[PDB]
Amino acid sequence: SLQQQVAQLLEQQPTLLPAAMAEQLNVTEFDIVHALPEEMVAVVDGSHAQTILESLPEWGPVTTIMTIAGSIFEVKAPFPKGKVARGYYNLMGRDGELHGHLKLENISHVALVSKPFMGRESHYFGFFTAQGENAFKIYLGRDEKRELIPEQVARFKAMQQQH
């Protein structure tokens, strides 16, 4: 299939994030995610990710990344809690946190993903669409030092196969 059809580049062409390889292979970033090595990804049913999202505050510091029009926005803070109101998954941040409303209903799939970049591991949650597009991602937060909380990564790997 595709995974096999191009694992040449990863990580022989190291440093290639899924979104960009999508272009070389002309398939959704999700297609790449599916095509990633089993070690690398942990694909999940996308329906009602509000509970996985609800677990997020416990984790600690995280970085929330959304990219629109080629601009990248990231907020480095603990994930907000949340409640469902007016049909959406709404805000629950108090300070320096993330707001405000998340239509998760349009999220078809969630992929827990861990791919090392530039000689360094990288672990995040990738949120997708039926279209396969990448709505946004949650990268594991980091200490004062450049990388990750040791407690969190354990949860990340613990996710596969399931808790």
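One rule holds for the numbers: they count along the sequence shown, beginning at 1.
Stretch comparison (8-16 versus 138-146) by mean CA B-factor in the PDB entry places 8-16 on top. When the mean C-alpha temperature factors of 86-94 and 69-77 are read from the deposited coordinates, 86-94 comes out higher. In the deposited coordinates, the residue among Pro61, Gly100, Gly132, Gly119 with the greatest CA B-factor is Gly119.
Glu39: CA B factor lies in the highest third for its chain, per the PDB record. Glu105: CA B factor lies in the lowest third for its chain, per the PDB record. Among all modelled residues in this chain, the alpha-carbon of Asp31 has a temperature factor (C-alpha) in the middle third.
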